[PDB]
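Letters A, B, ... are given to chains in the order of the sequence lines, protein chains preceding strands, and every chain is numbered from 1. Every heavy atom of this structure was used, including side-chain atoms; hydrogens, water molecules and symmetry mates were not.
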There are 2 protein chains.
Amino acid sequence: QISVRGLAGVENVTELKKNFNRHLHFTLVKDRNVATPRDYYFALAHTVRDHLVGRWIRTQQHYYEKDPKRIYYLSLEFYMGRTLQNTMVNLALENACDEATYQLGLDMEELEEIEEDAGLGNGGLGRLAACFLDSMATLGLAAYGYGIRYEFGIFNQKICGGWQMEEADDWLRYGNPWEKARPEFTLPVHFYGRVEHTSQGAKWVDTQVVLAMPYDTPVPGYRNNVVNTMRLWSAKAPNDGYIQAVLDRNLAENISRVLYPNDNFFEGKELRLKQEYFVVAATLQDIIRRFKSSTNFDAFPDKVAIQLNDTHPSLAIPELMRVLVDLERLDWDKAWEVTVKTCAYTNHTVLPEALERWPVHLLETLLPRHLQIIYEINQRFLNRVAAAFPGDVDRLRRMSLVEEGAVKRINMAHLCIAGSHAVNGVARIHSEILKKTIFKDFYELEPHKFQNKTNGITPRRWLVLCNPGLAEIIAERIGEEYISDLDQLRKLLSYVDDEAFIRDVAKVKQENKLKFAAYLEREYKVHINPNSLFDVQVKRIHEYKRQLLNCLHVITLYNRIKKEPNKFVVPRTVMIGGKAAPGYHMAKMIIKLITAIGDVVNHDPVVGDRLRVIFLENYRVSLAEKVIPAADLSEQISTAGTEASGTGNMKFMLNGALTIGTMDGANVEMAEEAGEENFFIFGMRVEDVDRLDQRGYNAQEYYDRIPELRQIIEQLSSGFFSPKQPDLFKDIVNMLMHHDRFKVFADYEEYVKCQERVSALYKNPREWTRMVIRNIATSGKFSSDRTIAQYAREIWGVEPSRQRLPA
Amino acid sequence: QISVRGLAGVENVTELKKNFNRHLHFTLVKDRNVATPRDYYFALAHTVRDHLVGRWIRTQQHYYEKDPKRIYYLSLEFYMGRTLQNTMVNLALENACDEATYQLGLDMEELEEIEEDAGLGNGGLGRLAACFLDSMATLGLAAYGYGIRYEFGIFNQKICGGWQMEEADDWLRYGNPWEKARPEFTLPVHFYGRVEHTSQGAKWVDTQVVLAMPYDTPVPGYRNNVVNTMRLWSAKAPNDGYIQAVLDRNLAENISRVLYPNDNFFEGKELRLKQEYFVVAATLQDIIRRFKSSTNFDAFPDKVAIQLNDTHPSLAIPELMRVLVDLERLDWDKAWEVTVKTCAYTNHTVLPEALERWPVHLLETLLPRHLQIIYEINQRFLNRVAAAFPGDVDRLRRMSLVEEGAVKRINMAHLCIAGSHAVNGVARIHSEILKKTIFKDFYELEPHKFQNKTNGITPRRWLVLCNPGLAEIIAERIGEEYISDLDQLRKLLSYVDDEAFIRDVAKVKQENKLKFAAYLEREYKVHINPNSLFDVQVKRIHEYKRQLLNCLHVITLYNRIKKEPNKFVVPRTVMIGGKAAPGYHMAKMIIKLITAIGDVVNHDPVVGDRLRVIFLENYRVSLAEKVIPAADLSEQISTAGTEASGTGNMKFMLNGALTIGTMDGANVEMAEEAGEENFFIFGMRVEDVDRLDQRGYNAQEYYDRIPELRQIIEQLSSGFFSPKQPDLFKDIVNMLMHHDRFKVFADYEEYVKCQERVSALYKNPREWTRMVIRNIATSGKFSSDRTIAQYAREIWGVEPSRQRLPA
Ligand SMILES: O=c1[nH]c(=O)n([C@@H]2O[C@H](CO)[C@@H](O)[C@H](O)[C@H]2O)cc1I
Ligand SMILES: O=c1[nH]c(=O)n([C@@H]2O[C@H](CO)[C@@H](O)[C@H](O)[C@H]2O)cc1I
């Protein structure tokens with residue numbers, strides 16, 4: 001059907017249908033009359049998986065022989081989503097399988113909807129890890145993603161009376177065709193015990209052993225026949241009254257059972273620290289095992305790179321020291337040199353609540369040797385600081401890896417900076433903030449460590465796969481090369497004045513809206529006007545992301561409608577979606593507020609179809625793949641200084657939505673790339689937030705001077721939005737009025753005005769689309785291929801290569 | 001190589017090697033240079049499994065269309081062992097795959113040793129269930145085995161300082177290629193709750209739901225292309241602070257986690273009753289579901305047979321009533337008629353400690369409705385009894401399903417008799433015992449219910465598969481038809497005087513001994529003389545099986561050697577093996593005694609290689625497949641009246657061992673079949689045991705009159721066998737002297753004498769072998785094909801058929 005989807009050979013289609021029938025019969029043990037769509041999905045899934053394996057074995061072989069430097073990406077999260085379409089896309093099978101399946105009388109798109117998301121992550125950070133893997137394979141790096149195989153991923157979100165209910169994401173119920181259990185590479189991981197000192201140095205003894213079993217999942221590059229590996233560890237009990245002993249094996253295996261659902265918030269729970277140590281211990285043995293199969297650790301940093309995705313795998317650092325010092329018997333100083341040259345650290349936040357600080361009484365019980373190593377790292381480090389800023393006792397206490405107070409804590413970020421040769425933020429403004437604020441002392445010590453690597457997304461999933469219509473019309477004009485070289489999108493700038501491209505860009509958008517509006521009605525009782533501006537805010541629910549600000553705009557538009565009912569307004573469907581962590585009380589209330597607003601707004605007959613407020617249930621990767629291509633307006637409205645980068649913001653830019661946003665995170669570079677005239681920027685910059693903090697933020701001031709805002713608070717306070725529980729939202733009004741860390745009211749005026757400007761442009765279809773073209777045409781920078789090539793040259797010291805391997 | 005192993009086609013061998021390489025590459029994702037023997041096993045396993053599936057789908061199709069009556073075999077145990085060789089045997093692939101694999105430069109026999117036993121059972125009863133399935137498929141019945149998929153089977157037995165250590169049988173670690181998960185047929189099973197009464201009868205409410213997911217494993221008949229199904233249920237939690245809630249799912253899934261290791265001993269534990277209800281609830285829904293896919297339950301008994309393997313699935317009875325009365329709204333009396341016509345019960349014991357008697361306070365909490373139904377069944381039943389024996393208040397209390405006492409109990413055997421149309425023992429003497437003793441009252445009520453179905457074993461596993469040498473020489477003489485018609489073995493009787501057959505039967509035995517003697521040395525440090533008589537007792541360790549009697553013989557032979565050292569004795573390797581249930585203290589001591597005897601006997605230089613005592617570690621199915629073909633003497637020495645049937649006894653008869661045994665269980669019919677001159681029978685009959693019980697058994701009497709016995713007890717008492725712990729065995733001497741329920745000393749004289757006669761015959765090789773021929777030639781009766789054909793005609797009302805289905 002469409003060109004970017006590859007060829008449908010007469011030989012390829014014929015082969016595909018014969019393997020499909022083979023899998024149905026032999027692998028699934030079904031026949032044509034008993035088979036359900038789920039059996040058909042599986043038959044196709046095994047049939048595509050067959051095309052990978054050849055390439056997988058051949059890639060792993062190549063690396064064994066070329067012996068290049070290896071990249072290890074350690075993360076507690078890999079937010080993968082569905083695998084099948086992505087695999088087809090990367091292998092050029094999409095049109096073949098579509099043909100092959102249609103010939104069998106099946107609809108492939110209907111089959112695709114059956115795959116569970118691999119929801120092994122929470123949001124931004126987990127999904128970055130997934131995009132990065134796609135980019136690393138596409139750039140032919142010998143890269144390995146390591147993590148944990150959680151049996152349960154992020155919970156599925158149900159709304160019930162407008163409240164979130166969590167249920168377990170049992171994603172493996174029907175099996176996962178993509179993974180390959182590798183029980184032969186099972187490795188022990190130790191916990192508790194105690195530390196003994198001999199003539200021959202420290203020994204870690206009387207430990208509990210947990211086994212770590214790996215599962216390998218293939219990671220195909222984009223049409224280069226490179227297939228890299230993602231290795232995820234599962235917890236198993238070792239084999240050594242009786243009934244109870246067998247049942248107790250579960251305790252050990254609980255380690256990999258469930259993903260912690262707290263995003264951008266640290267919870268200091270033991271089970272979590274076990275998970276962190278677990279993935280780090282098994283991964284280093286596996287790394288070292290591979291290194292020995294080429295005694296001499298001098299070349300270890302020329303053969304190994306370890307990238308820490310935030311501080312979650314920070315135990316890599318004392319653990320590599322432990323292995324090098326206690327087991328391999330290198331002297332401390334040489335070990336340290338090796339460690340620092342091997343490791344690098346990416347920070348993804350400056351929010352105090354999000355930083356990991358582990359109580360010492362935890363580490364002592366669980367990992368008594370690592371604590372020792374950490375103390376030693378601390379002592380030697382502080383000696384460097386003292387030597388460089390003599391007499392500065394205050395710097396010494398600020399820089400210490402150990403924090404004093406009611407409970408002593410280890411600050412893990414300090415550990416990562418000390419033990420890594422590079423530290424990087426994830427957008428330019430966020431890297432500057434780190435250097436000016438929380439890591440200012442560290443930067444003064446070793447300015448050479450600090451870097452920036454602005455985030456990107458993969459154009460495979462985020463354009464070719466979720467938006468074939470747009471990818472197609474881009475392809476008509478400029479060819480296909482841009483899929484692995486997104487900078488080529490600039491070429492589209494000479495088409496901004498082209499009446500036919502204009503008409504086509506608008507049409508692709510109108511189709512995605514028509515489809516999404518249907519998907520809304522088919523899977524939920526809704527009814528939305530598809531001529532309206534689609535105003536969407538999708539991301540995890542957090543105070544700093546300021547969903548509440550969006551709510552105040554929505555309430556304002558509604559109050560203005562009710563005030564002058566027969567005045568023309570640009571109609572809108574406001575969609576807000578995302579999950580709250582189960583313990584985040586405020587977050588759960590915001591979801592309730594949102595639906596409570598939909599109950600009033602969506603039933604007011606006076607409002608018509610001019611305003612619809614929808615909360616989108618179960619925001620997840622595969623839901624992002626649908627709503628983003630349908631979006632007109634992207635809401636990126638965090639308080640300046642709090643969104644480290646953002647990446648949804650890039651997904652929307654790439655898919656033809658315009659952005660209303662603050663000068664935060666990667667928004668700053670997006671607007672710089674498209675030009676600020678092509679972006680709706682409002683509100684405080686970082687500097688303004690600081691001026692406000694110095695004076696002190698008093699929200700009453702905005703409530704006294706802005707009558708439209710006063711009215712909303714009064715509606716909230718008095719029960720207008722919860723008629724049966726007048727006081728439902730006293731928590732929200734309370735927080736907004738007395739302890740808003742995020743200054744919602746301070747940006748409200750300027751947000752509303754900026755929203756009026758969006759509405760005005762939307763009234764002129766042609767000029768809206770031309771601005772769209774100017775955004776899409778400048779999104780090249782935000783390709784994760786660009787990002788990874790920067791990591792590769794500036795941190796890992798490997799050369800990317802876009803060269804095909806043979807099939 | 002050998003004829004019974006099928007053809008090696010030029011096309012079949014070529015096809016097999018291409019699918020082997022396909023599985024290695026596509027399924028296992030290995031290549032020729034990284035593959036281990038374990039990968040090779042798997043490639044072959046998937047390759048043989050491919051030949052089943054065609055036949056499996058086709059068999060299930062046939063049954064859907066012919067709509068025959070269905071047999072459901074409910075068991076808490078299916079002791080399956082390895083699947084691969086059995087599958088090859090039944091499909092006639094053995095020689096092909098052997099050729100195919102040799103051509104690939106592999107040794108198939110070495111590959112076979114890699115498969116885990118499916119040890120989903122304890123011993124006799126579990127293994128009967130496995131033999132029965134093979135027989136049901138071979139006889140073309142539309143039969144289904146239902147059970148539980150335990151994640152851990154019978155523990156692996158290690159000896160450590162001569163004590164048993166248990167470790168977990170983690171049989172699924174590497175995956176099970178034979179099973180097919182069927183998550184689409186998941187069914188709810190309810191627990192706890194309470195009972196409500198409406199206008200419309202009882203309702204069972206506020207229950208906890210556990211999901212039952214099935215796994216199907218193919219059961220191939222012997223060369224008839226019938227492939228039946230064994231369906232095993234796994235426990236899953238339903239999908240509906242948060243961390244802890246996810247981890248707690250494990251509680252629900254614990255139901256199918258582990259097999260109870262108590263054999264011939266009832267433990268009244270909750271977890272066990274949950275398991276019993278679990279398999280029964282899921283199985284009936286599945287049965288009824290299938291019945292509805294043909295409102296009218298009158299024909300239910302013409303379409304369904306349910307066979308209860310002991311009382312373990314006795315809840316089938318009130319559960320079918322529950323479904324029929326509460327859910328389908330049949331009146332009580334019609335339901336009952338249907339139930340009784342559907343169900344039949346096989347008893348496998350008369351040991352009081354082995355009978356299930358469930359505390360009422362358990363059933364009430366767990367299954368409050370079933371208790372009600374059981375009370376109602378009891379009331380109506382006792383009204384029949386009262387009506388038939390009026391005034392006999394003692395019979396009423398003896399026959400009650402409810403036992404009074406400190407705790408009220410439900411006697412489940414009474415439930416099964418009341419609610420079944422047939423009750424059967426498992427050997428002729430055991431069926432007579434039931435009618436004369438424990439079920440005498442029941443029999444007087446309904447003599448027509450009581451039957452006998454003498455156990456059998458399958459000649460596929462127990463001859464063709466574990467003993468190809470002997471199967472081959474039998475085949476030379478009489479053809480192959482006897483493999484599915486074991487009665488044809490009589491024909492071998494005209495070869496008893498044939499010098500060449502004699503020489504061949506002896507040679508097959510000598511080879512199996514040479515192999516087993518090697519297997520001993522290769523896998524353990526041993527050294528055994530392969531010219532010696534191989535004296536083997538393998539079975540679970542129990543007081544009633546009288547391993548202790550064997551020990552007293554062994555000790556006696558040794559004392560006599562030490563008394564006259566330069567006298568000739570027939571040399572012997574005594575091998576004793578079997579597992580003890582983890583809580584059975586006495587049983588664990590016997591194992592210790594046995595090894596303690598090996599430590600003295602096997603190092604006495606005066607003894608030479610004339611006497612060796614070996615304890616065979618980890619007795620299990622696949623170990624039985626090796627030691628039985630190597631055996632000369634089979635020890636079947638339970639006290640008359642306690643071994644319900646025995647089945648090892650038949651395995652040995654079939655494989656050319658002679659039997660020393662008491663007149664117990666199926667020994668009585670084996671000797672009747674071979675003639676008593678061809679059998680070494682010693683000791684009390686049942687009648688003698690009763691005479692003894694009436695007088696009273698006083699063991700001192702034997703200790704005072706038999707000096708050889710007195711000496712052994714003194715050696716045991718004084719520390720001769722435990723020199724560092726003089727008192728190690730005071731428990732044993734104590735029990736033997738004051739509370740031996742099994743009368744070891746009473747049979748000792750007569751056992752020793754009978755053992756001298758065995759030794760005498762062994763001195764004349766030719767006459768030993770002729771007697772061997774007379775045993776093997778009369779084992780036909782003990783084929784489980786004979787047994788199942790009897791169940792089929794006399795209980796289930798279906799006609800067996802040996803007719804091929806087409807391929
Ligand atoms: O716990 C976390 N969860 C996240 O989603 N991020 C996100 O990390 C993304 C990846 O860099 C950033 O775009 C984003 O701004 C940041 O919030 C960081 C932490 I630390
Ligand atoms: O818990 C049990 N375990 C067993 O192995 N059997 C056995 O059941 C076998 C199968 O009928 C008999 O041969 C044997 O005599 C009997 O002991 C019975 C019970 I009840």
If you round to the nearest 0.5 Å, how far is CG of A/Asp31 from CH2 of B/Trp56?
-> 13.5 Å
Find out whether B/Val53 and A/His25 are in side-chain contact, i.e. whether some heavy atom of one side chain is under 4.5 Å from a heavy atom of the other.
-> yes
Per-residue tally against chain B (heavy atom, under 4.5 Å) across A/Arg257, A/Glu167, A/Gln61 peaks at A/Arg257
Interface moiety of B/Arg182 toward chain A, non-hydrogen atoms closer than 4.5 Å = side chain
Should we count CE of B/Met586 as having more than 12 external heavy atoms under 6.0 Å?
-> yes
Side chain, backbone, both or neither: which part of A/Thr27 has an atom under 4.5 Å from a heavy atom of chain B?
-> backbone
Are side-chain heavy atoms of B/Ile243 and A/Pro261 found at a separation under 4.5 Å?
-> yes
Under a 4.5 Å cut-off applied to non-hydrogen side-chain atoms, are A/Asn250 and B/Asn254 in contact?
-> yes
Any side-chain heavy atom of B/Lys30 within less than 4.5 Å of one from A/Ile57?
-> no
When heavy-atom pairs shorter than 4.5 Å are enumerated against chain B, which of A/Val29, A/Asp39, A/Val246 gives the highest number?
-> A/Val29
Calculate, to the nearest 0.5 Å, the distance between atoms NZ and CG belonging to B/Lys158 and A/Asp240 respectively.
-> 8.5 Å
If you count heavy-atom pairs under 4.5 Å with chain A, which of B/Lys269, B/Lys180, B/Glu151 comes out on top?
-> B/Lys180
Validation row: A/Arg173, B/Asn239 side chains within 4.5 angstrom (heavy atoms) = yes
Value rounded to 0.5 Å, distance of CG in A/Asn262 from OH in B/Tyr242 | 10.5 Å
Toward chain A, the part of B/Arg22 with a non-hydrogen atom under 4.5 Å | side chain
Can you tell which part of B/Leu52 gets under 4.5 Å to a heavy atom of chain A, answering side chain, backbone, both or neither?
-> neither
Say whether, by atom type as modelled, one donor and one acceptor occur between the side chain of A/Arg49 and the main chain of B/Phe26 under 3.5 angstrom.
-> yes
For B/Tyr174, is it the side chain, the backbone, both or neither that has a heavy atom under 4.5 Å from a heavy atom of chain A?
-> both
Segment of B/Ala168 engaging chain A (4.5 angstrom heavy-atom cut-off) = both
Does any heavy atom of chain A fall under 4.5 Å from the side chain of B/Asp170, the backbone, both, or neither of them?
-> side chain
Quick one: which of A/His46, A/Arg249, A/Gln60 has the most heavy-atom pairs under 4.5 Å with chain B, could you say?
-> A/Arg249
Please look at A/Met213 and chain B and tell me whether the side chain, the backbone, both or neither of the residue comes under 4.5 angstrom of a heavy atom of that chain.
-> side chain
